[PDB]
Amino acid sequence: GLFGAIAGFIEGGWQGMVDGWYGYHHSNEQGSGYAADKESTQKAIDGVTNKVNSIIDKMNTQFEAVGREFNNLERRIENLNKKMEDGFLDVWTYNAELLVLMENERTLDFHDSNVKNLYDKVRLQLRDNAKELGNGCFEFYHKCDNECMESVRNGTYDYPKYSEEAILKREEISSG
């Protein structure tokens, strides 16, 4: 079920992120803002609508039909039809209710895994270059401008570059 965190280590969602489903919020001296992970959002939009279409498309046997044609001395046969009609309704009714329930459980934790896989993509790029605040944010030890911000958003951040500047800020925070 729950992967790390939707309503877990990340209480709440960005009411203000409006260009996608999962993404990043930054703040530096240049400013702050939301920016959705275009590629990651499209994966999920595809998977989800693929799920819904499958549930619809696999029925792909609708067939052909009728009502009510036995007479007053054929009540036994009509009762047979009643039982059959009711029996199918009971079967389809149950299968659909449970399908919906079960498949909703799984759609929600799908989103959960998508997010957690994003935390992890970023986390494994920076490391001792930033603090895991643990609320879903990273505090940079070095200074990270907008050109830098975009370099993590697209999986091309340069660790060997900033290590220099960071080890130094750890030796500043452990002193006066």
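Heads up: residue numbers just count along the shown sequence, starting at 1.
**Q** Which is higher on average in the deposited entry, the C-alpha temperature factors of 101-109 or of 68-76?
**A** The stretch with the larger average C-alpha B-factor is 101-109.
**Q** Take the C-alpha B-factors listed in the entry for 120-128 and for 140-148, compute each mean, and give the stretch with the larger one.
**A** It is 140-148.
**Q** In this PDB entry, which of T41, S27, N53, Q62 has the top CA B-factor?
**A** Spelled out: the listed residue with the top C-alpha B-factor is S27.
**Q** Compare the C-alpha B factor of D57 with those of the other modelled residues in its chain, then answer lowest, middle or highest third.
**A** It falls in the bottom third of the chain.
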